[PDB]
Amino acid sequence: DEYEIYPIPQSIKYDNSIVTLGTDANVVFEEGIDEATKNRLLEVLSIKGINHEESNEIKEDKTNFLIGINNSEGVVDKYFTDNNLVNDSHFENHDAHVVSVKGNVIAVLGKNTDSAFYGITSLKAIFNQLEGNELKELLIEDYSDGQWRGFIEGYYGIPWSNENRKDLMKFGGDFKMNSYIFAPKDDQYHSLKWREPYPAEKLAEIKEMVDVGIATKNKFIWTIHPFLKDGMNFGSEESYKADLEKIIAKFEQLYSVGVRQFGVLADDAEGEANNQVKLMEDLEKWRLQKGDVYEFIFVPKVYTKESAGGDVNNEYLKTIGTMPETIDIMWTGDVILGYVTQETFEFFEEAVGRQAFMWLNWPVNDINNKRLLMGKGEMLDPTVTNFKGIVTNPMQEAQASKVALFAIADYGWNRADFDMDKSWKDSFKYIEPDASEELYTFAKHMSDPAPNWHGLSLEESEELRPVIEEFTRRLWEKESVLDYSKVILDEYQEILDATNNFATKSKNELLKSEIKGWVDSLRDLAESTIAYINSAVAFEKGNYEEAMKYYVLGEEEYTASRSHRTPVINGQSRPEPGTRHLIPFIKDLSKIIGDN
């Protein structure tokens, strides 16, 4: 009966009473609430076609929305104090805020405007699932476990379109993400030509994305690679001063279109570590002058335990750790495709001197372009506490990446209550409202990146696996397959139907065209499996001419499944879903039938 809210709030409380929403509402914003935060409430009101007037007090006759900041001594702060709803002990936490639904008052108090925004986003989630105009009285006391939650465009591949970058920011913003790190490898102006200002057309495109960032609060974070061969010149005091002028100029250019957070990337850095610190010391001075720039993100040259030699006295990391305390240094784990583990963070802390900001290399598919990776968050350990936050490095397929964005958002916000299996399942309705069963069906069979050179292996087809295995043993151990074939044909018919109904049901052209090749391949796999199962059945019943034709149909469909092509940076790639269990089963069937 209670509302489904993602990420899972740290604490939500209901009482017996319910409230009725009016057609006309009174809205009270404190002075600290910014334009993006006001607009967020107005979005929420229009979900239920509630008109509003703005005022400075609670109207007893109407429904009231009050948005305020803790300890402002504003109207809304006063309301919370005077009515004695919460604890100041709450607000020290990251992104801490309170949502209160009581009588004709719907209130949000955040530690700042950003947190008030998150509060209103929770209301957005609530309002989207309200049957009518009745609303349960509740109290959310919420905060984030992680400082940073979001995604980084940091793979090798085709860059996302601007349309898609905006759409992901819009998506992350619905789940309280705060970070989009813009690090596309093809942008000459963030790297190599970092000295030169962005062309005006390109800058104007950036400003459109930054504005979406401001509206959704999934901020656009710009990044730079200044330590390449032709990079920052540390030859002399003179030459360095010349180069520091340019980097700051470049930062000013981005600042001028609204960028308020920056990353410095040293994964490909050339000189000494000391120099990297020197620069960051100078950039920190700048950052404090500006007053409204969030803290820098730094990606070190040594970003895995493996490349650190497993040395907790690693010289590079020790030096990097002497840069200003405010800088968030990133880490991918023990290896490039590291899992989230307590041990990797203990190592990082011992070596660097502060907690890590996790760069998660999933579901990036540059490791295997044949794959869509849309499985659950297997790499996310809910018991790990010792890190600053997490970003996902997703696929070149932007829309398909929404599955992981949901996972990282939920896990990033509320770690202990992360339910890998449930969160994954619940996500599909948000990602794809019209075809959620279908897209969930696809995600079930598209998740294993193996084989790959790093050796990452994730589950795929997990629910179907026991059914596949049982049919195989029955067939191979010379038992009847007549009855079980019904069970497994049901499973495959569901897959097939999903691949046939999806394009009809989904209204998301961007997702449809992105994943089409994979759905085409999966359709063929489903048809192939059905033909083979049909062949085995015909064979048991003794209709040999018929089982022959099915076998042939089975062979043709498998070949068909391999006939599709999708774009990659250098040319074309063959989409290949269902490799963990679906394809092995097809191969098994074709070997057993007729040699049985």
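One-based numbering along the sequence shown.
Check the entry's C-alpha temperature factors for 486-494 and 79-87, then say which stretch has the higher mean.
Stretch with the higher mean C-alpha B-factor: 79-87.
Averaging CA B factors per stretch from the PDB record, which one is higher: 55-63 or 33-41?
It is 55-63 that shows the higher mean C-alpha B-factor.
Between 241, 523, 376, 444, let me know which has the highest C-alpha B-factor in the entry?
It is 241.
Looking at the C-alpha B-factor values in the deposited entry, which of 460, 137, 95, 438 comes out highest?
That would be 137, according to the entry.
Please place residue 565 in the lowest, middle or highest third of its chain according to the CA B-factor in the PDB entry.
Answer is middle: the recorded C-alpha B-factor places it there.
Among all modelled residues of this chain, ranked by Cα B factor, put residue 548 in the bottom, middle or top third, i.e. lowest, middle or highest.
Highest third - that is where residue 548 ends up once the chain's C-alpha B-factors are sorted.
Check where residue 348 lands among this chain's C-alpha B-factors and tell me if it's the lowest, middle or highest third.
Answer is lowest: the recorded C-alpha B-factor places it there.
Is residue 10 in the lowest, middle or highest third of its chain when residues are ranked by C-alpha B-factor?
For residue 10, the deposited C-alpha B-factor lands in the lowest third.
Splitting the chain's C-alpha B-factors into thirds, which one does residue 410 fall into?
For residue 410, whose C-alpha B-factor we compare with every modelled residue in the chain, the answer is the lowest third.
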